[PDB]
Amino acid sequence: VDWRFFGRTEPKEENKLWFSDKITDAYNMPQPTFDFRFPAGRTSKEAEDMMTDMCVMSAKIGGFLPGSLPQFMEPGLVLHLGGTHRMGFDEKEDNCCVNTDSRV
Amino acid sequence: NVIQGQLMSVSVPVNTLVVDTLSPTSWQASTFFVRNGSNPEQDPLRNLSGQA
Amino acid sequence: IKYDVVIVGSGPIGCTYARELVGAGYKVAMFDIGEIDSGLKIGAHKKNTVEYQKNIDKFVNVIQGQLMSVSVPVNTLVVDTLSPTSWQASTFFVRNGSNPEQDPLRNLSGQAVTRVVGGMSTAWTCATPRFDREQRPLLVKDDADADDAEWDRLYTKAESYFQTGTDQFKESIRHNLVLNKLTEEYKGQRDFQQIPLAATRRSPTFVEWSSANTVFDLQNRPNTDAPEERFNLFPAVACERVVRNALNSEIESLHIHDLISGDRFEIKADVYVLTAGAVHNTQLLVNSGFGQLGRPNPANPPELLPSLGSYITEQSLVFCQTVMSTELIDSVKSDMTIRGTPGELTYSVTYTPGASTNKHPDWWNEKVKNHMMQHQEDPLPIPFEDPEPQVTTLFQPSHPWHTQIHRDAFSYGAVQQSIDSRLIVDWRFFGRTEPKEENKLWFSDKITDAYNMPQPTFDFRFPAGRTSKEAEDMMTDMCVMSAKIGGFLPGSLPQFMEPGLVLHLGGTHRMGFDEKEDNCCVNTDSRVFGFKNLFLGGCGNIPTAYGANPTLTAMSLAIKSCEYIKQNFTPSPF
Amino acid sequence: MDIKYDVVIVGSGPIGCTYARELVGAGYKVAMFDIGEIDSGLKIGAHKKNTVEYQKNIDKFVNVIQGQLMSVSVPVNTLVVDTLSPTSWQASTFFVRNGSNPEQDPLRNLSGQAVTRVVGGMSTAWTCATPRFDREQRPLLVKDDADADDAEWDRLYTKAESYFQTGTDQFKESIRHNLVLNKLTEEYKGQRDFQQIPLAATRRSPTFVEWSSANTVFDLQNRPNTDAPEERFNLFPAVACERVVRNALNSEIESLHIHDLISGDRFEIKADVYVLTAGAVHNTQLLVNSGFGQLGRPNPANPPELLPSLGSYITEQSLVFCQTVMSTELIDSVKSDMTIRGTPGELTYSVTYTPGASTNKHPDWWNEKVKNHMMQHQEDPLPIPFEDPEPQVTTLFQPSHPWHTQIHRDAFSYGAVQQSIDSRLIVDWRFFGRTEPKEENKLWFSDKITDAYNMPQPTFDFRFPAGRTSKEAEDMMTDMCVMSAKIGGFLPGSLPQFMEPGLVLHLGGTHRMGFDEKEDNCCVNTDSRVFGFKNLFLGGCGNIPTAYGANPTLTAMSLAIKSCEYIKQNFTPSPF
Ligand SMILES: Cc1cc2c(cc1C)N(S(=O)(=O)O)[C@@H]1C(=O)NC(=O)N=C1N2C[C@H](O)[C@H](O)[C@H](O)COP(=O)(O)OP(=O)(O)OC[C@H]1O[C@@H](n2cnc3c(N)ncnc32)[C@H](O)[C@@H]1O
Ligand SMILES: Cc1cc2c(cc1C)N(S(=O)(=O)O)[C@@H]1C(=O)NC(=O)N=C1N2C[C@H](O)[C@H](O)[C@H](O)COP(=O)(O)OP(=O)(O)OC[C@H]1O[C@@H](n2cnc3c(N)ncnc32)[C@H](O)[C@@H]1O
Ligand SMILES: OC[C@H]1O[C@H](O)[C@H](O)[C@@H](O)[C@@H]1O
Ligand SMILES: O=S([O-])[O-]
Ligand SMILES: O=S([O-])[O-]
Ligand SMILES: O=S([O-])[O-]
Ligand SMILES: O=S([O-])[O-]
């Protein structure tokens, strides 16, 4: 049995996806670059509590399979990236890009 | 394998692995220069390395 | 030719018999199959060199190089990328010293032995906890107070012999960080303390770890320091058999093989003491007509020591390492006023000495201040030479495992360079195993080992029921407790270790009050049932399910055994 | 500890022990210091593989070797660990950690270079191969007279061989040895010569070899003693030697500064003669910490005043390695003399041969071993006895193949260990290249970073020179692939590869010898005396100034013998 637990990450202004003005990708478009860390308080404390929960819960079923021991996966392997063009009611108050009709 | 073959990494930092068992006749780097489509803008320690 | 006492094995249990009995005026000989290997201090800890205390990671290799596997099943790995010209096997035949008796799925693959003077005490981690009642063999039946008093006396003496202490690591910032956080988190429900360690600190960067040598210096006697004592140690002597009289009431000789000359001799003593380890005591006994040689055959049960080699116990062992939390690292410098950016003109780190509101005492804040000011290139507040953590919460009925939360060298230990060593903490939890008649160490009647002795073979599974339920609860407990200090270090994720890599095998020649009722081989004086003059020492005596490290307990039994000898045999006039 | 001796020797390796052998024997009052400790049993400085347990378990000795090799210069680590838990303390930079050396360029290093600090030095662990160098690999000891040069080398090498107990027939009864030896002789008939590796060892039984070591050279026991009542020698382990004090004239050493590691105390030791035998790295370190050469990153805009060639022109050998699994043809050839009737395990099974038959391809002793193994071990499918000793074959360096070779089995730090393939089938191949000395290849010492003993941190600036050295290194790989194939294919997991630079541990030329300090770009003369100084001598592989592929220790020993002759003729032992 596979066990995959997925944490929630607080949105923080400093966590960014930006694009190079000099380096280009394979289609000749501005190269994506990340400036990302998991925020240090709730997100981090929940992430480790989440690991603990997986270890506790999975043990009710069976022990770990050697070679597939409990681990964090490489950041972003999960492919659930959000908030890069985020929604809210007000561009300024809600620090956002599109409204609730998804209109820019 | 099908999944792996269609996930292209978003941002790959410049590689600094040391390969010091090349034959003396092989062309050998003096620096960790930008190669193989890596992104010299990317801090390896503030990345989403698995993003694809 | 003739001795009062002959001791087989120079580990710490043999050296307990030597200490006691040489001291009491007996003419003693000790034989070890291995050779002198720790410098001028015979049988001392190999880790007590300056070089190894500066390079503790490297000592893992020393350990690996002296642990020889007990039973290796026939190898069935498929190599099908040989060149077509290379000689290529048609079957999985016996090779490279493998044991074809061994079922690879009912083994203790990690079990190994060390054949050097001082035995495994040349390499061990020096943890010497007492067993609580739940884990401890009874010495007195039906009087808990008298049993406690007997054990308290014996342990207190064993602790003197090993120079056990609980203070040698008190000035370690890492130690305190880890111990204090755990105590806070358990909110009274568990007790943490320093691992009791057989060691004496010599300086802030040097610890003299104990060993057999600390117990008994293994110097031949008489000598200038001991002009009236009599002791000879004979290394490179493979002890092969003890000869029984026809009554099975006495041992008449010890048969040995001198490995350097190749010759075989016998040795006469009044008293024979086997302290060759849990595996090799059993081997020597079986090779002597005790128990049963060969694959166990219940239809023809042995008439002598039928419990020999049955009810074997080995601990489950789980291991991980962690990387210290950001919270804990920031806590180290919590009393500091820090201004400016490291490396620049205006940077400063200060604290108020003696302030009652400081979290930490002055010696700590001074260390942290000076590290931070003197090493502005370094991003951590922990001094470079800070000693290792040495923390435990001892076995209790509500958490029936032993714990060590520490850094030290062991054969499966981990070595990496990417993460700063000051952040890394090892976690080892040891489970207790119920003794079960079906769990066996037996010896082949045809296959032999590298010393031409019957080949050891295990038939072992961890018992279902409580042992297994606890082992898995223990794993979870390690995952829960470690998380309070930091996440797992990649590459050292939580796992069970190969069965027997822990090297805590017990019960192979177990102790009890009554041979038949207690399914056992030695009585509480460690005397083999029926035999006037044959004693066994070591962890193989321990008949209980135990999770703590067993050597202190085995030494306590050996001291009691010595008291019986002193009471019952007279030393020869000197 | 007295404070005055006739001679002081830093280092108890085999080279230090050559000086002790010669000079204690000549009646000098000698003291020897080692930073490491007594570690091989009651035979002080002896080979650690000389236990009954290691000869029954040779593969375990690899771990012993690994545990006593401490890396010289470890660059700052830049591996990315991005699967830490979010709560774990996480680096923002690749900062200096775990004793790494921020002076070290990771791409111009000898990353495998390591040192051993134990009494006996590396001779407690080495593989005991002691070939002589031919003229092409060897420095000149006589100019302009090649036959005189050869005669002097033969004298010194013959003496060195006696000291080490070098021999070439301890493996002559091995079936695997002869199988391989003979096959290679045949395949290269009249193109290359194969022989047993000359090994510093004495066989004691069919299953036990007493490997030589420093202890063999000199037993390291304090003197006077019963066997040597008029000799004077004291060994002081756990003593870091830190500096030799130069007079202001730079013509004499005045004292040796030491640090007793057990007490913590520092002392000044006085001798008439000072001999540094601390290894190629540590000799150089001690001399630099004493004002020789130049401390800090090399700066040609102010060459040093004293010994400007110190730590330049360093050489380390290219090393290639693989293992093979013996060919079917070779295995069948072991039993070619046997007549076989029946099936193994049947009552009628019979393996016989005819002693002394003219048609036999092997001697009677070989056939008797094969027959007895086949008959006594009918479950075993190979004709090679279980206790058959290891192969120990070489074809020595020549101009048409300018590398040393070892076609053998033994324990080394990079050694391989698997359980799947029968060990009797396995042969190791190690080919060793010669490296041209070049001024730019350097071993220098930091003026800020310190090592674990508080001495200036060694740093390498090294690449294999780009022409002959490089072209030979790759031709050497090719040669290994070509030659090894005559024996069997490669063992998976031990494919042909270059080893990490300096793992080979044959570093030379760090304090190199020549006739003239300036013309020959060197540090010591042919008596191993430091130019300018009346009473300071260096011994070891750092003296060797040439490009050499063969194992260097026998050659370093021969130089030290010559050094001792000079000392004996110019300094008077104190009266006893
Ligand atoms: C290798 C190792 C072992 C330990 C540890 C770490 C490591 C890395 N750590 S922790 O990490 O596990 O936790 C321990 C620790 O902290 N605490 C502890 O109590 N035990 C530790 N062990 C286990 C103890 O070392 C072990 O319990 C005791 O040493 C056992 O003492 P003793 O009963 O004396 O056995 P021995 O194996 O040490 O010595 C036996 C000697 O007998 C010789 N011998 C064997 N057969 C012989 C024969 N036929 N003839 C003659 N001589 C013949 C052997 O050569 C040996 O010298
Ligand atoms: C580890 C190793 C080494 C070798 C081998 C295999 C293995 C597994 N093999 S093969 O596989 O390559 O082939 C060799 C072989 O077969 N043949 C050979 O010629 N050389 C081998 N080596 C190399 C030789 O061992 C080496 O050339 C000699 O030992 C050099 O002798 P010497 O020059 O005496 O150096 P040392 O390193 O042994 O001893 C130096 C002593 O100095 C001490 N020391 C250092 N600094 C000190 C200081 N500051 N103060 C006081 N003492 C201070 C050290 O403690 C040491 O004891
Ligand atoms: O056995 C007699 C005595 O021998 C010794 O001297 C031991 O040190 C001691 O504890 C013991 O009581
Ligand atoms: O003969 S007595 O030992 O039972
Ligand atoms: O020897 S006793 O157990 O009868
Ligand atoms: O005949 S040998 O292999 O025992
Ligand atoms: O001291 S002189 O002879 O180089």
# chains A, B, ... in the order shown; residues from 1 in each chain; ligands from 1
$ residues_near_ligand --ligand "ligand 3" --cutoff "9 Å" --atoms "only C-alpha atoms and all ligand atoms" --output "PyMOL selection string"
chain C and resi 16-25+157+160-161+215-216+559+562-563+566
$ write_last_selection --atoms "N, CA, C and O atoms" --output "short mmCIF file (atom, residue, chain, number, x, y, z; two decimals), in the first residue's frame"
data_model
loop_
_atom_site.label_atom_id
_atom_site.label_comp_id
_atom_site.auth_asym_id
_atom_site.auth_seq_id
_atom_site.Cartn_x
_atom_site.Cartn_y
_atom_site.Cartn_z
N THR C 16 35.74 -10.19 34.08
CA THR C 16 35.12 -10.11 35.44
C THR C 16 35.53 -11.30 36.33
O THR C 16 35.94 -11.15 37.49
N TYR C 17 35.50 -12.50 35.77
CA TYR C 17 36.01 -13.68 36.44
C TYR C 17 37.47 -13.54 36.77
O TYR C 17 37.92 -13.88 37.86
N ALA C 18 38.25 -13.00 35.86
CA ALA C 18 39.70 -12.83 36.17
C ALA C 18 39.90 -11.84 37.33
O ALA C 18 40.66 -12.09 38.27
N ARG C 19 39.21 -10.69 37.25
CA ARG C 19 39.38 -9.70 38.26
C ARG C 19 39.11 -10.27 39.66
O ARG C 19 39.98 -10.20 40.61
N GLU C 20 37.93 -10.87 39.78
CA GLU C 20 37.49 -11.50 41.04
C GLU C 20 38.40 -12.59 41.55
O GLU C 20 38.76 -12.68 42.76
N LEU C 21 38.75 -13.49 40.66
CA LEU C 21 39.45 -14.72 41.05
C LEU C 21 40.98 -14.55 41.14
O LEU C 21 41.57 -15.12 42.03
N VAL C 22 41.59 -13.81 40.25
CA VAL C 22 43.01 -13.46 40.43
C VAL C 22 43.14 -12.72 41.73
O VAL C 22 44.06 -12.98 42.50
N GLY C 23 42.24 -11.79 41.99
CA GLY C 23 42.27 -10.98 43.19
C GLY C 23 42.15 -11.80 44.47
O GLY C 23 42.66 -11.37 45.48
N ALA C 24 41.45 -12.93 44.39
CA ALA C 24 41.26 -13.75 45.53
C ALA C 24 42.33 -14.84 45.68
O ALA C 24 42.14 -15.74 46.56
N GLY C 25 43.44 -14.72 44.92
CA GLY C 25 44.61 -15.61 45.06
C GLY C 25 44.61 -16.89 44.26
O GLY C 25 45.44 -17.74 44.44
N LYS C 157 28.50 -3.08 42.05
CA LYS C 157 29.88 -3.52 41.93
C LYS C 157 30.29 -3.56 40.44
O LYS C 157 31.41 -3.11 40.08
N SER C 160 31.18 -0.24 39.28
CA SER C 160 32.52 0.12 39.69
C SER C 160 33.53 -0.49 38.75
O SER C 160 34.52 0.18 38.31
N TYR C 161 33.38 -1.75 38.43
CA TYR C 161 34.29 -2.36 37.52
C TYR C 161 34.37 -1.72 36.11
O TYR C 161 35.46 -1.54 35.60
N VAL C 215 38.24 -3.49 33.45
CA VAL C 215 37.84 -4.55 34.36
C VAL C 215 39.06 -5.25 34.89
O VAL C 215 39.24 -5.36 36.10
N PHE C 216 39.93 -5.69 33.98
CA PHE C 216 41.12 -6.41 34.37
C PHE C 216 42.20 -6.14 33.31
O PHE C 216 41.92 -6.24 32.12
N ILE C 559 29.73 -11.77 38.69
CA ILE C 559 30.18 -11.50 40.03
C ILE C 559 29.55 -12.48 41.03
O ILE C 559 30.27 -13.02 41.89
N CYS C 562 31.30 -15.77 40.66
CA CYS C 562 32.56 -15.74 41.36
C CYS C 562 32.45 -15.96 42.91
O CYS C 562 33.35 -16.58 43.53
N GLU C 563 31.40 -15.40 43.54
CA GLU C 563 31.17 -15.51 44.96
C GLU C 563 30.97 -16.99 45.26
O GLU C 563 31.56 -17.50 46.22
N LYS C 566 34.36 -18.73 45.07
CA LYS C 566 35.19 -18.40 46.22
C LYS C 566 34.74 -19.15 47.46
O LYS C 566 35.52 -19.36 48.40
#
$ residues_around --residues "residue 12 (chain D)" --least-positions-apart "5" --cutoff "12 Å" --atoms "only C-alpha atoms" --output "NGL selection string"
:D and (17-21 or 31-38 or 44-46 or 116-124 or 213-215 or 217-221 or 234-239 or 275-279 or 539-540)
$ interface_residues --of "chain A" --to "chain D" --cutoff "8 Å" --atoms "only C-alpha atoms" --output "list in words"
residues 38, 40, 44, 45, 47, 48, 71, 72, 73, 74 and 75 of chain A
$ write_last_selection --atoms "C-alpha atoms" --output "PDB file, in the first residue's frame"
ATOM      1  CA  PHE A  38       8.125  26.453   3.040  1.00  0.00           C
ATOM      2  CA  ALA A  40       8.565  28.717   8.851  1.00  0.00           C
ATOM      3  CA  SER A  44       6.377  23.915   8.753  1.00  0.00           C
ATOM      4  CA  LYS A  45       4.935  22.694  12.064  1.00  0.00           C
ATOM      5  CA  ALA A  47       4.344  19.439   7.664  1.00  0.00           C
ATOM      6  CA  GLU A  48       6.296  17.622  10.327  1.00  0.00           C
ATOM      7  CA  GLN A  71      10.356  10.675   3.565  1.00  0.00           C
ATOM      8  CA  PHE A  72       9.555  14.171   2.302  1.00  0.00           C
ATOM      9  CA  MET A  73       9.545  14.303  -1.437  1.00  0.00           C
ATOM     10  CA  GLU A  74      11.563  16.831  -3.435  1.00  0.00           C
ATOM     11  CA  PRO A  75       9.814  20.216  -3.303  1.00  0.00           C
TER      12      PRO A  75
END
$ interface_residues --of "chain C" --to "chain A" --cutoff "12 Å" --atoms "only C-alpha atoms" --output "count of residues only"
38
$ interface_residues --of "chain B" --to "chain A" --cutoff "9 Å" --atoms "only C-alpha atoms" --output "ChimeraX atom specification"
/B:10-12,37,39-43,45-52
$ interface_residues --of "chain C" --to "chain D" --cutoff "6 Å" --atoms "only C-alpha atoms" --output "JSON, numbers by chain"
{"C": [36, 37, 38, 39, 58, 59, 61, 62, 65, 83, 85, 86, 87, 323, 324, 325, 326, 418, 420, 486, 487]}
$ interface_residues --of "chain B" --to "chain D" --cutoff "9 Å" --atoms "only C-alpha atoms" --output "list in words"
residues 16, 17, 18, 19, 20, 21, 22, 23, 24, 25, 28, 29, 30, 31, 44, 45, 46, 47, 48 and 49 of chain B
$ residues_near_ligand --ligand "ligand 7" --cutoff "9 Å" --atoms "only C-alpha atoms and all ligand atoms" --output "ChimeraX atom specification"
/D:251,516-517,524-525,529-534
$ residues_near_ligand --ligand "ligand 6" --cutoff "8 Å" --atoms "only C-alpha atoms and all ligand atoms" --output "list in words"
residues 369, 370, 372, 373, 374, 375, 376, 377, 384, 385, 386, 387 and 388 of chain D
$ select_by_dssp --residues "chain B" --states "alpha helix (DSSP H)" --output "list in words"
residues 2, 3, 4 and 5 of chain B
$ residues_around --residues "residue 525 (chain C)" --least-positions-apart "3" --cutoff "7 Å" --atoms "only C-alpha atoms" --output "count of residues only"
3
$ atom_distance --atom1 "atom 14 (C, counted along the ligand's line) of ligand 1" --atom2 "CA of residue 286 (chain C)"
26.7 Å
$ residues_around --residues "residue 278 (chain C)" --least-positions-apart "4" --cutoff "10 Å" --atoms "only C-alpha atoms" --output "list in words"
residues 113, 282, 283, 309, 312, 441, 503, 504, 505, 506, 507, 508, 509, 510, 536, 537, 538, 539, 540, 541 and 542 of chain C
$ residues_near_ligand --ligand "ligand 5" --cutoff "8 Å" --atoms "only C-alpha atoms and all ligand atoms" --output "VMD selection string"
chain C and resid 249 515 523 527 to 532
$ residues_near_ligand --ligand "ligand 1" --cutoff "7 Å" --atoms "only C-alpha atoms and all ligand atoms" --output "PyMOL selection string"
chain C and resi 8-14+31-34+63+113-121+123-128+237-240+275-278+280-281+284+409-411+502-504+537-539+549-552
$ write_last_selection --atoms "N, CA and C atoms" --output "compact mmCIF listing (two decimals), in the first residue's frame"
# COMPACT_ATOMS: atom_id res chain seq x y z
N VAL C 8 37.78 -19.31 29.39
CA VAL C 8 37.71 -19.27 27.93
C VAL C 8 37.07 -17.93 27.52
N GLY C 9 37.88 -17.05 26.90
CA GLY C 9 37.48 -15.75 26.41
C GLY C 9 37.90 -14.61 27.27
N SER C 10 38.46 -13.56 26.61
CA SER C 10 39.01 -12.39 27.29
C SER C 10 38.14 -11.15 27.10
N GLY C 11 36.86 -11.33 26.80
CA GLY C 11 35.99 -10.15 26.81
C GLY C 11 35.74 -9.63 28.22
N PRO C 12 34.77 -8.73 28.36
CA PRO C 12 34.59 -8.08 29.59
C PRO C 12 34.02 -9.07 30.64
N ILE C 13 33.31 -10.14 30.20
CA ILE C 13 32.73 -11.10 31.18
C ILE C 13 33.85 -12.01 31.65
N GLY C 14 34.63 -12.59 30.75
CA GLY C 14 35.87 -13.29 31.19
C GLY C 14 36.76 -12.49 32.15
N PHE C 31 42.38 -18.06 27.99
CA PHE C 31 42.68 -18.37 26.61
C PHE C 31 41.78 -17.58 25.70
N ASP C 32 42.27 -16.97 24.62
CA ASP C 32 41.42 -16.35 23.66
C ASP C 32 41.91 -16.82 22.30
N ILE C 33 40.93 -17.09 21.44
CA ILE C 33 41.17 -17.52 20.06
C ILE C 33 41.76 -16.36 19.24
N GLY C 34 41.45 -15.11 19.64
CA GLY C 34 42.01 -13.95 19.01
C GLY C 34 43.28 -13.44 19.68
N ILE C 63 35.04 -1.16 13.42
CA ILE C 63 34.01 -2.08 13.91
C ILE C 63 33.66 -3.11 12.84
N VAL C 113 30.46 -12.13 15.25
CA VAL C 113 31.32 -12.27 16.39
C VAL C 113 32.68 -11.55 16.15
N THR C 114 33.38 -11.26 17.26
CA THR C 114 34.70 -10.62 17.18
C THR C 114 35.67 -11.51 17.93
N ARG C 115 36.76 -11.79 17.25
CA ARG C 115 37.83 -12.65 17.79
C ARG C 115 39.11 -11.83 17.92
N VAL C 116 39.17 -11.08 19.01
CA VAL C 116 40.33 -10.28 19.39
C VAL C 116 40.33 -10.23 20.92
N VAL C 117 41.51 -10.08 21.53
CA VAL C 117 41.58 -9.96 23.00
C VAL C 117 40.82 -8.72 23.45
N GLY C 118 39.92 -8.94 24.37
CA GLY C 118 38.96 -7.96 24.83
C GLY C 118 37.61 -8.11 24.22
N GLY C 119 37.53 -8.97 23.21
CA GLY C 119 36.27 -9.23 22.57
C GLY C 119 35.59 -7.98 22.06
N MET C 120 34.27 -8.02 22.10
CA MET C 120 33.52 -6.91 21.56
C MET C 120 33.69 -5.62 22.37
N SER C 121 34.24 -5.71 23.57
CA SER C 121 34.54 -4.50 24.36
C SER C 121 35.71 -3.60 23.82
N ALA C 123 35.31 -2.44 20.97
CA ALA C 123 34.60 -1.63 19.96
C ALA C 123 33.23 -1.07 20.42
N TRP C 124 32.70 -1.55 21.52
CA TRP C 124 31.31 -1.27 21.98
C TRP C 124 31.04 0.20 22.33
N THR C 125 29.76 0.49 22.43
CA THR C 125 29.35 1.86 22.78
C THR C 125 29.17 2.17 24.25
N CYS C 126 29.56 1.25 25.12
CA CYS C 126 29.73 1.57 26.53
C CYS C 126 28.46 1.93 27.33
N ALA C 127 27.29 1.66 26.75
CA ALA C 127 26.01 1.87 27.42
C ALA C 127 25.78 0.73 28.48
N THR C 128 25.63 1.12 29.75
CA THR C 128 25.51 0.16 30.85
C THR C 128 24.32 0.55 31.75
N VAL C 237 44.64 -19.06 20.81
CA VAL C 237 44.33 -20.41 21.32
C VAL C 237 42.83 -20.65 21.19
N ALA C 238 42.49 -21.53 20.27
CA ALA C 238 41.12 -21.90 19.94
C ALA C 238 40.81 -22.99 20.97
N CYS C 239 39.83 -22.73 21.83
CA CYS C 239 39.35 -23.69 22.85
C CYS C 239 38.25 -24.55 22.23
N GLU C 240 38.37 -25.89 22.23
CA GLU C 240 37.52 -26.66 21.34
C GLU C 240 36.53 -27.56 22.10
N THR C 275 33.38 -18.06 28.77
CA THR C 275 32.93 -16.69 28.58
C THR C 275 33.34 -16.31 27.15
N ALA C 276 32.91 -17.15 26.19
CA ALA C 276 33.30 -16.98 24.76
C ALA C 276 32.24 -16.31 23.91
N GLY C 277 31.24 -15.73 24.57
CA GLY C 277 30.13 -15.12 23.87
C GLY C 277 28.94 -16.01 23.81
N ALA C 278 27.81 -15.41 23.54
CA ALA C 278 26.56 -16.17 23.45
C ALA C 278 26.57 -17.25 22.36
N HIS C 280 29.50 -18.64 20.84
CA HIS C 280 30.64 -19.61 20.94
C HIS C 280 30.63 -20.36 22.24
N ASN C 281 30.09 -19.81 23.31
CA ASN C 281 29.87 -20.73 24.49
C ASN C 281 28.98 -21.98 24.06
N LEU C 284 30.94 -24.43 21.89
CA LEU C 284 31.94 -25.22 22.62
C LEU C 284 31.20 -26.33 23.41
N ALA C 409 29.62 5.57 17.27
CA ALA C 409 30.05 4.76 16.15
C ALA C 409 29.49 3.35 16.30
N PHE C 410 28.77 2.85 15.28
CA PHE C 410 28.35 1.39 15.30
C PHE C 410 28.44 0.88 13.89
N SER C 411 28.33 -0.42 13.64
CA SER C 411 28.74 -0.93 12.35
C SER C 411 27.86 -0.46 11.18
N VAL C 502 22.13 -5.83 15.90
CA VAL C 502 22.18 -5.24 17.25
C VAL C 502 23.16 -5.94 18.22
N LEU C 503 23.42 -7.22 18.01
CA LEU C 503 24.47 -7.95 18.84
C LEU C 503 24.14 -8.00 20.32
N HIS C 504 22.88 -8.31 20.60
CA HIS C 504 22.36 -8.39 21.98
C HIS C 504 21.73 -9.77 22.26
N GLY C 537 29.47 -17.68 31.63
CA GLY C 537 29.24 -16.23 31.80
C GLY C 537 28.92 -15.58 30.47
N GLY C 538 28.04 -14.62 30.53
CA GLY C 538 27.72 -13.84 29.35
C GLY C 538 26.24 -13.66 29.15
N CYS C 539 25.88 -12.97 28.04
CA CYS C 539 24.52 -12.66 27.80
C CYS C 539 23.70 -13.88 27.50
N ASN C 549 20.68 -2.67 27.12
CA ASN C 549 21.92 -3.26 26.69
C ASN C 549 22.32 -4.24 27.78
N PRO C 550 22.69 -5.46 27.43
CA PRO C 550 22.76 -6.55 28.43
C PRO C 550 24.07 -6.74 29.21
N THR C 551 25.18 -6.15 28.80
CA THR C 551 26.43 -6.51 29.36
C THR C 551 26.51 -6.26 30.85
N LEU C 552 26.01 -5.10 31.38
CA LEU C 552 26.10 -4.80 32.82
C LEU C 552 25.41 -5.92 33.65
$ residues_around --residues "residue 103 (chain A)" --least-positions-apart "4" --cutoff "12 Å" --atoms "only C-alpha atoms" --output "PyMOL selection string"
chain A and resi 85-91+96-99
$ write_last_selection --atoms "C-alpha atoms" --output "mmCIF file, in the first residue's frame"
data_model
loop_
_atom_site.group_PDB
_atom_site.id
_atom_site.type_symbol
_atom_site.label_atom_id
_atom_site.label_comp_id
_atom_site.auth_asym_id
_atom_site.auth_seq_id
_atom_site.Cartn_x
_atom_site.Cartn_y
_atom_site.Cartn_z
ATOM 1 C CA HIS A 85 -2.034 34.217 -10.687
ATOM 2 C CA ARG A 86 -4.306 34.170 -7.655
ATOM 3 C CA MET A 87 -8.011 35.010 -7.252
ATOM 4 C CA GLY A 88 -9.708 37.476 -4.859
ATOM 5 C CA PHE A 89 -12.383 40.153 -4.677
ATOM 6 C CA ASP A 90 -10.071 43.187 -4.822
ATOM 7 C CA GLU A 91 -6.768 43.464 -6.607
ATOM 8 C CA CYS A 96 -4.479 39.172 -6.366
ATOM 9 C CA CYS A 97 -4.667 39.003 -10.169
ATOM 10 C CA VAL A 98 -8.078 37.765 -11.149
ATOM 11 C CA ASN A 99 -11.587 38.265 -9.799
#
$ decode --residues "region 370-387 of chain D" --atoms "C-alpha atoms" --output "compact mmCIF listing (two decimals), in the first residue's frame"
# COMPACT_ATOMS: atom_id res chain seq x y z
CA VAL D 370 43.24 -30.91 -7.89
CA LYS D 371 42.46 -34.60 -7.56
CA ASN D 372 42.07 -34.45 -3.80
CA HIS D 373 39.85 -31.33 -3.97
CA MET D 374 37.61 -32.93 -6.70
CA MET D 375 37.34 -36.14 -4.78
CA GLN D 376 36.89 -34.74 -1.30
CA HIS D 377 34.48 -31.94 -2.39
CA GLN D 378 32.17 -33.52 -4.87
CA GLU D 379 29.54 -30.86 -4.25
CA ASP D 380 31.95 -28.16 -5.52
CA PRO D 381 32.09 -27.50 -9.23
CA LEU D 382 35.60 -25.94 -9.41
CA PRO D 383 38.98 -27.77 -9.56
CA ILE D 384 40.82 -25.14 -7.47
CA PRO D 385 41.43 -26.05 -3.84
CA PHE D 386 39.64 -23.88 -1.25
CA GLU D 387 42.79 -22.78 0.50
